[PDB]
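Chains SA and LA supply the protein sequences, listed in that same order. Residue numbers in the first sequence follow the entry's author numbering, run continuously in steps of one, and reach 105 at the last position. Residue numbers in the second sequence follow the entry's author numbering, run continuously in steps of one, and reach 421 at the last position.
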Amino acid sequence: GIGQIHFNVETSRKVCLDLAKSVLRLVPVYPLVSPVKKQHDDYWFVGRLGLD
Amino acid sequence: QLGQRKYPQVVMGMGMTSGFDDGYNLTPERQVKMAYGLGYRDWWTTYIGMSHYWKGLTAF
């Protein structure tokens, strides 16, 4: 009663894959970085009176 | 409503000494009125807390 308007689950899956490649071309590397770099075992847990 | 005992006592002419590390949990209103009712009227000496008054922070 309507027709063929919407993509298949497989065809839409291919569209999403193309979208991923397009974004990766613009951004080839992860742009964010956390303040910490090492594992949890490489940092002491200490308390201080404050910065000053 | 819950029943409660409240019997004021005669003043013995003595003060009260307390510590902050042992009274942080209780509200100040309950502590002062309770001690005053027992008969401690003239003096009060409070020992500051050992690890509950200063500022501080934790860091890696």
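Note that CB positions come from ideal geometry on N, CA and C, so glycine has one too.
For residue i, three-class secondary structure by DSSP
i: residue 62(SA); result: helix
i: residue 402(LA); result: strand
i: residue 75(SA); result: helix
i: residue 70(SA); result: helix
Rounded separation between residue i and residue j - CA only
i: residue 402(LA); j: residue 412(LA); result: 29 Å
i: residue 420(LA); j: residue 414(LA); result: 19 Å
i: residue 64(SA); j: residue 57(SA); result: 13 Å
i: residue 410(LA); j: residue 369(LA); result: 29 Å
i: residue 84(SA); j: residue 78(SA); result: 13 Å
7 Å Cβ shell around residue i - same chain, five flanking residues per side excluded
i: residue 373(LA); result: 400
i: residue 95(SA); result: none
Limits of the beta strand (DSSP E) - the one that residue i falls within
i: residue 101(SA); result: 99 to 101
i: residue 375(LA); result: 375 to 380
Proximal residues to residue i (C-beta, below 8 Å), its chain only, five neighbours per side dropped
i: residue 394(LA); result: none
Cβ shell of residue i (< 6 Å), same chain only, five flanking positions each side left out
i: residue 89(SA); result: none
Do three or more CB pairs link the region 392 to 406 of chain LA to the region 364 to 381 of chain LA at distances below 8 Å? yes
Cβ contact (3+ pairs, closer than 8 Å) linking the region 385 to 392 of chain LA and the region 72 to 84 of chain SA: no
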